[PDB]
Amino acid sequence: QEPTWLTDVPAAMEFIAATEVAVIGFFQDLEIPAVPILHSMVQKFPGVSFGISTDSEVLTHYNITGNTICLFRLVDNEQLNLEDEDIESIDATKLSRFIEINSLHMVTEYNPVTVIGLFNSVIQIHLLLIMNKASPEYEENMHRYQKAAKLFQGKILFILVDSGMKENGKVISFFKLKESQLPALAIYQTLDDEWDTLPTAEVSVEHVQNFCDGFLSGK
């Protein structure tokens, strides 16, 4: 596949808004390795919209000064730049990992890569839904979790922790929760120590919303 050409500001915003995660190359000239490198990511990241613009007014709207590749994401309205020497010495693996790390969605799956992205968002409150992907109720619970995530966008990053995976045993045990108590919610702060849990949760929008609104209270 190939990146979509972006010729004006309304076309660019629309392109970025149509997708939870967009990656756009903003170039003052196409004679740099960033362009084919950017092209090569498309087939690799099927869940990302790739665009490209040389248009002056586009670059200006996004406050671009010189060759920059940006990742945009709905969930926290972020715009992350790969600029200057990052882009000068850009290779595919560095762009690849940058996209992996920072591809946060309305609900992001938890793994050691995404957690880096999650911890570096301006949003400092994280919610975990800890349950097993092989549960009967996984789909329904997840849909409802997605619905509640919309209610708190800009405020809380909704995350899924698949308890069906060994790697996640330690994160689950930090919150003093056991397998038999799942599905459960755990909410915490990136810069502060307080957290809370809702063991044996019913994952209804109302329950999730109440749990979040309680945590947000006062802070």
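Start at 1 with the first residue shown and count on from there.
The question of which stretch, 34 to 42 or 166 to 174, has the higher mean Cα B factor is settled in favour of 34 to 42.
When the mean C-alpha temperature factors of 101 to 109 and 127 to 135 are read from the deposited coordinates, 127 to 135 comes out higher. When the C-alpha B-factors of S49, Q153, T190, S56 are ranked from the entry, the top spot goes to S56. Going by the entry's values, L82 shows the largest Cα B-factor out of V122, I116, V75, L82. Among all modelled residues in its chain, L71 ranks in the lowest third by Cα B-factor. When the modelled residues of the chain are ordered by C-alpha B-factor, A92 sits in the highest third. Per the PDB record, residue ranking by Cα B-factor puts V161 in the lowest third of the chain. Ranked by C-alpha B-factor against the other modelled residues of its chain, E202 falls in the highest third. When all modelled residues of the chain are sorted by CA temperature factor, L185 is found within the middle third.
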